[PDB]
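Enquirer: Just to be clear, this is only the beginning of the complex, oriented as in the whole thing:
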Amino acid sequence: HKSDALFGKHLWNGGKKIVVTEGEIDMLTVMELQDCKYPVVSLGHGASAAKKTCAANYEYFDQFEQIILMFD
């Protein structure tokens, strides 16, 4: 479980907008409500490792136009 883990990450390479949720279940949620058509990933160690997991992924996230942090 590397310091840059994002659950759902492999689904999206680019886009106009990517929601990023705290945990896996919440990702599953946004992935519904949207009929799984847009991007959602969840924090790999979520909660506390928000800073590390994120900066580990600058490039990946910059692939999208706006990053919507939907945390607790």
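Expert: It's in. Residues are numbered from 1 along each chain as shown, chains lettered A, B, ... in the order given.

Enquirer: Determine the number of other residues adjacent to residue A:41.
Expert: Other residues near residue A:41 come to 24 when the count uses other Cβ atoms under 10 Å. From N, CA and C alone the C-beta is placed, and that goes for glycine too.

Enquirer: need the contact list for it.
Expert: Going by Cβ atoms under 8 Å, 6 or more residues apart in numbering, residue A:41 touches A:6-9, A:11-12, A:18, A:20-21, A:27.

Enquirer: Check residue A:12 too.
Expert: For residue A:12, the contacting residues are A:18, A:39, A:41, A:63-64, by Cβ under 8 Å, 6+ apart.

Enquirer: Over to residue A:35. Which of the three states is it?
Expert: The three-state assignment at residue A:35 reads coil, by DSSP: H, G, I helix; E, B strand; the rest coil.

Enquirer: Quick check: it vs residue A:54, distance?
Expert: Distance of residue A:35 to residue A:54, computed by Cβ to Cβ, to the nearest Å: 27 Å.

Enquirer: what do you get for residue A:1?
Expert: If you measure residue A:1 against residue A:54 using Cβ to Cβ, the figure is 15 Å.

Enquirer: Among those two, which residue is more densely surrounded?
Expert: Using other Cβ under 10 Å, the more surrounded residue of residue A:1 and residue A:54 is residue A:54, with 18 against 6.

Enquirer: Look through chain A and report the residue furthest from the middle.
Expert: residue A:35 (16.6 Å; Cα atoms, centre = their mean).

Enquirer: so how far is residue A:12 from the nearest residue to residue A:44 once chain neighbours are set aside?
Expert: What sits nearest to residue A:44 in space, not counting adjacent residues and going by Cβ to Cβ, 6 or more residues apart in numbering, is residue A:5, at 2.7 Å. Applying Cβ to Cβ, the value for residue A:5 to residue A:12 is 15 Å.

Enquirer: picking that back up, from the contacts of residue A:41, which land in helices?
Expert: Secondary structure from DSSP state H places residue A:27 of these in helices.

Enquirer: Top of the contacts of residue A:41 by number of neighbours, please.
Expert: Highest neighbour count within the contacts of residue A:41: residue A:20, with 26 neighbours (other Cβ under 10 Å).

Enquirer: show me the contacts for it.
Expert: A:6, A:40-43, A:61, A:67-71.

Enquirer: can we see that at 7 Å?
Expert: A:41, A:43, A:67-70 (Cβ atoms under 7 Å, 6 or more residues apart in numbering).

Enquirer: out of these, who's nearest residue A:31?
Expert: residue A:41 (9.8 Å; Cβ to Cβ).

Enquirer: So residue A:64 is in contact with residue A:17, correct?
Expert: Yes. Using Cβ atoms under 7 Å, residue A:64 is in contact with residue A:17, at 6.1 Å.

Enquirer: higher neighbour count, these two?
Expert: Neighbour count, other Cβ under 10 Å: between residue A:64 and residue A:17, residue A:64 has more, with 18 against 11.

Enquirer: Can you pull the phi/psi pair for that one?
Expert: Main-chain dihedrals, residue A:64, degrees, to the nearest 10: phi -110, psi 160.

Enquirer: ok, now how distant is it from residue A:48?
Expert: Distance of residue A:64 to residue A:48, given as Cβ to Cβ: 24 Å.

Enquirer: now do residue A:11
Expert: According to Cβ to Cβ, residue A:11 and residue A:48 sit 25 Å apart.

Enquirer: Which residue, neighbours along the chain excluded, lies closest to residue A:14?
Expert: residue A:63 (4.8 Å).

Enquirer: include chain B too:
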Amino acid sequence: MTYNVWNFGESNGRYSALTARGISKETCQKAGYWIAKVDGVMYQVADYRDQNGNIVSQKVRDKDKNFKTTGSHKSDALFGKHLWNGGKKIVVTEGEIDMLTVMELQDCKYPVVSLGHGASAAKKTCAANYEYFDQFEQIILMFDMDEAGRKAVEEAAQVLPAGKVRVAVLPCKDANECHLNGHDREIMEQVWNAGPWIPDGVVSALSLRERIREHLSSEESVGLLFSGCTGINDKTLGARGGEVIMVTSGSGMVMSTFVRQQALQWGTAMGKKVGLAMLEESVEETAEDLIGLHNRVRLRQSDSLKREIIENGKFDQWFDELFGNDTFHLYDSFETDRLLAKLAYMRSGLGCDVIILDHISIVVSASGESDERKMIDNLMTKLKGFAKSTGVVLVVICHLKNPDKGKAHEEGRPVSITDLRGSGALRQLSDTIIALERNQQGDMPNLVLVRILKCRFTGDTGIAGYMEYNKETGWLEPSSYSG
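Expert: Okay, here's chain B dropped in alongside the others:
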């Protein structure tokens, strides 16, 4: 083991016309798009076969927009592939349905295959097939007309053979959206004779019509008029968005007022939201200086009046008056990259249209590096980038190095672009250069001159008018003056 390939007949198969898509029955029949129905529900089955003819895999659909993939869908799957072994030209579409489309419009006489995992696996599916595709003279990539769809094309052509690739350009999302009442003839004009490219920054003029039109209406000739000296305006035609205005001069606080004044009238007379990064002074401080300036009184510079308006309610009144239109916002301090970022969110987040950055001379934080000569330039660019990239108006204040030649700055001495600080970046990257001179020991110690030192948009430059300091109100008033 892996999901068995779906037997035709076993599953109640029919080669029926897709009435929903304008694909004929005869069409589905040739590419191998058949309609089964197993255990009750009716599925759409796409038959992927290798060049040898044998069915290697299936991609099955149900109504609601689900899937089910039979056989072994290898990393090189091309739907339609088995139909063409050679040719003068082969269209390559994103999905099965779009393949069925080109296969129509052409009476199924020429070659079309669709990507096996299409969308995202454009690079892999394609390079897997170098040999197969090289069997044709030119490869016409007819992918989706969106974000990821142009990307697909790019990654595709990269791995595809030599000077054969040409990009398809349709009026709508995909080749089928076109067919589904619209422009069959638009698809056609592409199959024959499409354009060339895997250029991520090269942009043929033709392909700019729309971007241009919308520009012409959006952005504005007489952009934001300098205040306090028609002249500045006459010669520069204002501060057009995405420009980078650079105010400079000698000891000029004159300079820091001038900018301040502008901030003022842009954020009040005009509707525009100003953003201020006054790196010299505090955020409280500059706010005061605005309020006082807006009320034509030297506010900070007076113990008595401060007290007076705090008590007589005039402060909360003036403050509301000036500020309460959420129009001014200030960067408040205590890096380069770090600054630039803040400035950006002013633009992007709070969406101000002017950012005034008072005093470039202050670089600040990332210390192990030589000449401010060099670095001044590095910043300069990021700024011009920020500017043009985002269309914000960026006024940038900047202070002058000091002659070594005879007459000083307060001796009026005029300034040239050579006279310029930096080591070229500003002397370059800036669109308009306004300088202000002030011979503070002379005939009019309060008279200040305004050179336009440069102005891309017009190139009309030179002396552009005079102003006079009212030591009393604090304003750079406009003045009568010439020869």
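
Enquirer: In light of the added chain B, please revisit the contacts of residue A:20.
Expert: By Cβ atoms under 7 Å, 6 or more residues apart in numbering or on different chains, the contact set of residue A:20 is A:41, A:43, A:67-70.

Enquirer: repeat that with 6 Å
Expert: By Cβ atoms under 6 Å, 6 or more residues apart in numbering or on different chains, the contact set of residue A:20 is A:41, A:69.

Enquirer: cool, and residue A:69?
Expert: Contacts of residue A:69 were listed using Cβ under 6 Å, 6+ apart, and they are residue A:20.

Enquirer: With residue A:52 instead?
Expert: residue A:3.

Enquirer: any idea whether it is helix, strand or coil?
Expert: Residue A:52 ends up helix, using three-state DSSP.

Enquirer: Chain B contacts on chain A?
Expert: residue A:14 (Cβ under 6 Å from any Cβ of the partner chain).

Enquirer: go again using 7 Å as the cut-off
Expert: Taking Cβ under 7 Å from any Cβ of the partner chain as the contact definition, chain A meets chain B at A:13-16.

Enquirer: For the strand or helix carrying residue A:61, buried residues please.
Expert: Per DSSP states H and E, residue A:61 falls inside helix A:58-62. Using 16 or more other Cβ atoms under 10 Å in any protein chain shown as the test for burial, helix A:58-62 gives A:60-61.

Enquirer: for the very next helix or strand once past it, which positions count as buried?
Expert: Toward the C-terminal end, the helix or strand that comes next after helix A:58-62 (DSSP H and E) is strand A:64-70. Residues residue A:64 are the ones in strand A:64-70 that count as buried (16+ other Cβ under 10 Å).

Enquirer: Just give the strands next to strand A:64-70 in its sheet, each with its orientation.
Expert: Take DSSP bridges as the rule and strand A:64-70 pairs in its sheet with strand A:15-21 (parallel).

Enquirer: Run the chain-centre distance for the strand it pairs with.
Expert: 7 Å (Cα atoms, centre = their mean, to the nearest Å).

Enquirer: Dump it to PDB, keeping only the CA atoms.
Expert: Only the C-alpha atoms of strand A:15-21 are listed here, as PDB (Å, rounded to 0.1, in the frame of the first residue of the first chain):
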ATOM      1  CA  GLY A  15     -11.200  14.700 -17.100                       C
ATOM      2  CA  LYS A  16     -12.900  18.000 -16.400                       C
ATOM      3  CA  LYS A  17     -13.500  17.300 -12.700                       C
ATOM      4  CA  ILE A  18     -12.600  14.600 -10.100                       C
ATOM      5  CA  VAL A  19     -14.200  14.300  -6.700                       C
ATOM      6  CA  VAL A  20     -11.900  12.900  -4.000                       C
ATOM      7  CA  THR A  21     -13.500  11.300  -1.000                       C
END
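
Enquirer: count of residues packed around the residue of chain A found nearest chain B?
Expert: Going by Cβ to the nearest Cβ, chain B is nearest to residue A:14 of chain A, at 5.3 Å. If you count neighbours by other Cβ atoms under 10 Å in any protein chain shown, residue A:14 ends up with 16.

Enquirer: pretty sure it is touching residue A:65, no?
Expert: No. If you go by Cβ under 7 Å, residue A:14 and residue A:65 don't touch, sitting 9.4 Å apart.

Enquirer: Was I right to think residue A:39 contacts residue A:15?
Expert: Yes. Using Cβ under 7 Å, residue A:39 is in contact with residue A:15, at 5.0 Å.

Enquirer: These two: which is more packed in?
Expert: It is residue A:39, of residue A:39 and residue A:15, that has more neighbours when counted by other Cβ under 10 Å, with 24 against 15.

Enquirer: what are the phi and psi values for the closest residue to the more buried one other than its chain neighbours?
Expert: Spatially, and ignoring its direct neighbours in sequence, residue A:39 is nearest to residue A:12 (3.6 Å; Cβ to Cβ, 6 or more residues apart in numbering or on different chains). Note on residue A:12: its backbone torsions stand at phi -120, psi 120 [degrees, to the nearest 10].

Enquirer: Nice, that's everything, thank you.
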